[PDB]
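Working notes for the structure below.
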Amino acid sequence: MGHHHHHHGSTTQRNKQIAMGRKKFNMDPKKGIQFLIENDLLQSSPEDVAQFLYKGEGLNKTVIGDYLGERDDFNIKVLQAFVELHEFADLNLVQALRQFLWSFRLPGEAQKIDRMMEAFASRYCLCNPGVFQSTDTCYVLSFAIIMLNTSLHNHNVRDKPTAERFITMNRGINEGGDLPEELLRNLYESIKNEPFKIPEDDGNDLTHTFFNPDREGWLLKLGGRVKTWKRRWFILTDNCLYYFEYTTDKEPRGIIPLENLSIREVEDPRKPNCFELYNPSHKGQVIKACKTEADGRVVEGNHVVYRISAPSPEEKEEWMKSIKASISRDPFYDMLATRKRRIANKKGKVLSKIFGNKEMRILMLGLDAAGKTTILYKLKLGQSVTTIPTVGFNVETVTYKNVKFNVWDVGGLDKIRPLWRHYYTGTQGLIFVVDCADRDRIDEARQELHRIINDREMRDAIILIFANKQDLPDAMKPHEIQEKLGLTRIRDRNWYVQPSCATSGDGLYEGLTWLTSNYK
Ligand SMILES: Nc1nc2c(ncn2[C@@H]2O[C@H](COP(=O)(O)OP(=O)(O)OP(=O)(O)O)[C@@H](O)[C@H]2O)c(=O)[nH]1
Ligand SMILES: O=P(O)(O)O[C@H]1[C@H](O)[C@@H](OP(=O)(O)O)[C@H](OP(=O)(O)O)[C@@H](OP(=O)(O)O)[C@H]1O
Ligand SMILES: [Mg+2]
């Protein structure tokens with residue numbers, strides 16, 4: 001182009017809104033219809049909503065029936081307009097029912113069925129005057145036809161009615177008199193030859209493969225220290241906001257754990273539809289995040305805010321609503337920030353560059369509840385804290401006996417584990433933490449450990465196992481852990497099992513001592 005002017009194409013955003021509206025409708029018809037109206041994709045009149053449902057493009061027909069059956073004044077009007085879009089003139093009652101029953105699936109509730117079939121019968125009689133002496137006659141015969149369809153075509157009904165049985169069953173239905181024999185015979189024969197074809201409701205799959213996502217879409221984002229704008233594909237899921245360079249990427253460019261953040265609308269002189277992620281309680285403090293460098297190594301973010309531009313005000317509103325709903329809120333996060341800041345030493349920079357001290361990159365992994373975060377902050381803050389499950393990661397640098405340990409504590413919940421591999425690059429020591437009282441999950445821990453250490457990026461890492469929770473009754477001892485984690489086989493790697501109690505601190509310094517002694 002020569003000018004990198006950021007322009008998105010209307011086709012992208014409009015098709016996305018169309019797809020969004022349909023998705024919403026299929027979950028909740030009232031909410032989908034409201035979304036489409038707000039997004040100027042549907043007009044608000046009963047007639048306009050009726051045309052939308054009648055076309056029913058990509059709409060669940062059971063959901064259409066649910067909505068049309070409702071007692072609401074608006075819904076009643078939609079229903080009448082819906083039946084008016086059906087042309088029943090010059091069709092017999094079976095043929096008219098075939099048509100109508102293609103357009104929606106009958107709801108289960110008797111009062112809803114009645115409203116819809118009354119509306120149908122009224123429409124049929126207006127289209128075909130003189131055929132039936134009343135709407136009631138038409139309505140009742142419609143159900144005689146439906147019952148016939150069941151009797152003839154459902155194998156659970158043993159005795160199949162003949163034409164003559166169907167004719168005589170309907171004696172007197174025409175306001176006391178009989179309908180024409182040949183009319184009833186024609187209806188019978190039509191149903192006998194072809195059952196009602198019913199649109200059975202389907203299910204569709206998802207486009208991408210990542211974690212089940214709350215929202216995804218393209219946004220422009222401003223850099224941290226270097227204030228440059230980049231187009232990124234964002235995925236919001238499981239209390240984390242991820243971003244990628246391309247939809248085809250299979251690893252994130254950035255990860256933002258949504259811990260005690262807030263959202264504000266901002267005005268920007270050059271980009272439209274902007275909002276910011278920020279921490280209201282710690283103004284000016286760096287937001288926890290990580291991003292990938294050219295060589296694949298994950299590093300900490302430098303943002304005090306995340307300014308983001310959406311391609312439309314509608315998508316801005318969607319993203320703000322979604323992100324707000326996905327924020328993990330908890331005093332724990334404020335507790336960590338406050339305690340860290342108190343013992344924050346500015347001098348550490350001027351001393352770290354002077355001692356020019358080398359250090360050690362650590363990846364700390366293990367099943368959820370193993371004790372990882374407790375260990376991290378026991379080391380970082382010199383105290384045992386009451387933790388909550390980690391949705392993304394925690395990262396802290398700890399100085400211990402002349403070595404600076406950069407420790408990445410990654411969440412161990414099921415859903416997060418496929419992401420562990422992301423953090424491998426650059427790892428010099430693995431800390432694998434195990435709950436020694438959890439015999440139900442020790443084999444699972446073994447499986448995870450070996451997947452990690454067999455990875456091409458983890459071949460050189462020394463391995464420290466924290467055999468944690470030694471304070472608990474009947475907790476597995478280090479020798480049992482050695483066996484149960486299958487470490488005895490592995491004779492070509494440098495590993496050690498350190499007994500620990502993270503809550504008292506027992507064994508933690510001993511583990512860090514081992515790391516320093518064995519790192520080459
Ligand atoms: N009895 C006992 N409990 C511990 C010990 N260490 C940690 N815990 C407790 O175990 C629970 C989980 O500990 P966490 O540090 O949050 O575990 P985690 O590995 O970070 O879990 P994720 O964040 O899901 O990955 C918490 O209630 C801790 O207080 C220990 O040595 N003994
Ligand atoms: O691409 P250039 O112009 O060099 O600038 C980069 C990008 O804006 C990065 O965004 P992305 O990671 O999406 O590529 C950003 O990382 P963030 O992802 O943390 O915003 C960097 O922030 P700093 O490293 O803070 O300067 C910034 O230096
Ligand atoms: Mg944790």
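To be explicit about the labels: the chains of the structure tokens are called A, B, and onward in the order shown, and within each one the residues are counted from 1, while ligands get numbers from 1 in the order they are shown.
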Which neighbours of residue 352 in chain A fall inside 12 Å, counting only C-alpha atoms, when residues of the same chain fewer than 5 positions from it are skipped, and could you give them as a list in words?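 The neighbour list is residues 345, 346, 347, 357, 358, 359, 397, 398, 399, 402, 403 and 404 of chain A.
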Which residues form the shell of 10 Å around ligand 3 when you count only C-alpha atoms and all ligand atoms, given as an NGL selection string? :A and (364-376 or 387-394 or 409-413)
Apply DSSP to the structure's backbone, then extract all residues of range 6-236 of chain A labelled strand (DSSP E or B) and return them as a ChimeraX atom specification. /A:174,177,215-222,229-236
Just write the chosen residues, C-alpha atoms, as an mmCIF file, in the first residue's frame.
```cif
data_model
loop_
_atom_site.group_PDB
_atom_site.id
_atom_site.type_symbol
_atom_site.label_atom_id
_atom_site.label_comp_id
_atom_site.auth_asym_id
_atom_site.auth_seq_id
_atom_site.Cartn_x
_atom_site.Cartn_y
_atom_site.Cartn_z
ATOM 1 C CA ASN A 174 -68.463 -29.927 9.966
ATOM 2 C CA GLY A 177 -72.738 -32.403 9.414
ATOM 3 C CA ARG A 215 -15.526 -14.044 22.166
ATOM 4 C CA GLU A 216 -13.060 -13.669 19.350
ATOM 5 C CA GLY A 217 -12.336 -11.016 16.747
ATOM 6 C CA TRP A 218 -9.869 -8.621 15.169
ATOM 7 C CA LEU A 219 -8.814 -5.537 17.116
ATOM 8 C CA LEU A 220 -6.066 -2.952 16.908
ATOM 9 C CA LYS A 221 -3.894 -2.687 19.998
ATOM 10 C CA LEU A 222 -1.352 -0.167 21.230
ATOM 11 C CA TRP A 229 -0.508 -0.070 16.826
ATOM 12 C CA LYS A 230 -0.828 -3.672 15.677
ATOM 13 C CA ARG A 231 -3.731 -5.630 14.197
ATOM 14 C CA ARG A 232 -4.309 -8.679 16.355
ATOM 15 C CA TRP A 233 -6.774 -11.572 16.535
ATOM 16 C CA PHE A 234 -8.099 -11.669 20.107
ATOM 17 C CA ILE A 235 -9.580 -14.670 21.899
ATOM 18 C CA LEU A 236 -11.303 -14.247 25.262
#
```
Out of range 61-141 of chain A, which residues get helix (DSSP H, G or I) from DSSP, as a VMD selection string? chain A and resid 61 to 69 73 to 84 93 to 100 110 to 127 135 to 141
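Using only C-alpha atoms and all ligand atoms, we find that the residues with an atom at most 6 Å from any atom of ligand 2 are residues 223, 224, 225, 226, 228, 229, 230, 253, 254, 291, 301 and 302 of chain A.
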Writer output for current selection, N, CA, C and O atoms, as a PDB file, in the first residue's frame:
```pdb
ATOM      1  N   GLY A 223       0.961  -0.740  21.703  1.00  0.00           N
ATOM      2  CA  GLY A 223       2.090  -1.358  22.411  1.00  0.00           C
ATOM      3  C   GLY A 223       2.299  -0.806  23.811  1.00  0.00           C
ATOM      4  O   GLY A 223       1.594   0.108  24.242  1.00  0.00           O
ATOM      5  N   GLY A 224       3.270  -1.374  24.527  1.00  0.00           N
ATOM      6  CA  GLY A 224       3.479  -1.046  25.935  1.00  0.00           C
ATOM      7  C   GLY A 224       4.413   0.134  26.085  1.00  0.00           C
ATOM      8  O   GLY A 224       3.960   1.275  26.200  1.00  0.00           O
ATOM      9  N   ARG A 225       5.713  -0.147  26.090  1.00  0.00           N
ATOM     10  CA  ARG A 225       6.734   0.902  26.097  1.00  0.00           C
ATOM     11  C   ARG A 225       6.762   1.606  24.745  1.00  0.00           C
ATOM     12  O   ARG A 225       6.646   2.834  24.676  1.00  0.00           O
ATOM     13  N   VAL A 226       6.928   0.818  23.687  1.00  0.00           N
ATOM     14  CA  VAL A 226       6.876   1.304  22.306  1.00  0.00           C
ATOM     15  C   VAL A 226       5.404   1.416  21.886  1.00  0.00           C
ATOM     16  O   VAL A 226       4.708   0.401  21.746  1.00  0.00           O
ATOM     17  N   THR A 228       3.252   1.521  19.466  1.00  0.00           N
ATOM     18  CA  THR A 228       2.845   1.222  18.096  1.00  0.00           C
ATOM     19  C   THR A 228       1.542   0.425  18.076  1.00  0.00           C
ATOM     20  O   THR A 228       1.262  -0.357  18.992  1.00  0.00           O
ATOM     21  N   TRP A 229       0.757   0.637  17.023  1.00  0.00           N
ATOM     22  CA  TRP A 229      -0.508  -0.070  16.826  1.00  0.00           C
ATOM     23  C   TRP A 229      -0.278  -1.316  15.996  1.00  0.00           C
ATOM     24  O   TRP A 229       0.478  -1.300  15.029  1.00  0.00           O
ATOM     25  N   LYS A 230      -0.909  -2.412  16.406  1.00  0.00           N
ATOM     26  CA  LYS A 230      -0.828  -3.672  15.677  1.00  0.00           C
ATOM     27  C   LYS A 230      -2.219  -4.283  15.555  1.00  0.00           C
ATOM     28  O   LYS A 230      -3.039  -4.159  16.471  1.00  0.00           O
ATOM     29  N   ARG A 253       0.522 -14.682  20.628  1.00  0.00           N
ATOM     30  CA  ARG A 253       1.510 -13.612  20.746  1.00  0.00           C
ATOM     31  C   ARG A 253       1.510 -13.066  22.168  1.00  0.00           C
ATOM     32  O   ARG A 253       2.572 -12.815  22.731  1.00  0.00           O
ATOM     33  N   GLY A 254       0.323 -12.864  22.732  1.00  0.00           N
ATOM     34  CA  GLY A 254       0.190 -12.328  24.077  1.00  0.00           C
ATOM     35  C   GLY A 254      -0.874 -13.006  24.925  1.00  0.00           C
ATOM     36  O   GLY A 254      -1.872 -13.542  24.412  1.00  0.00           O
ATOM     37  N   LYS A 291       4.217 -11.785  26.586  1.00  0.00           N
ATOM     38  CA  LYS A 291       4.204 -11.796  25.134  1.00  0.00           C
ATOM     39  C   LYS A 291       5.417 -12.549  24.641  1.00  0.00           C
ATOM     40  O   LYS A 291       6.386 -12.734  25.370  1.00  0.00           O
ATOM     41  N   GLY A 301       5.070  -8.441  30.127  1.00  0.00           N
ATOM     42  CA  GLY A 301       4.602  -7.223  29.489  1.00  0.00           C
ATOM     43  C   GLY A 301       5.007  -5.990  30.283  1.00  0.00           C
ATOM     44  O   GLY A 301       5.338  -6.075  31.472  1.00  0.00           O
ATOM     45  N   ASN A 302       4.964  -4.849  29.611  1.00  0.00           N
ATOM     46  CA  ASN A 302       5.342  -3.566  30.202  1.00  0.00           C
ATOM     47  C   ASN A 302       4.188  -2.583  30.311  1.00  0.00           C
ATOM     48  O   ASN A 302       4.395  -1.412  30.654  1.00  0.00           O
TER      49      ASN A 302
END
```
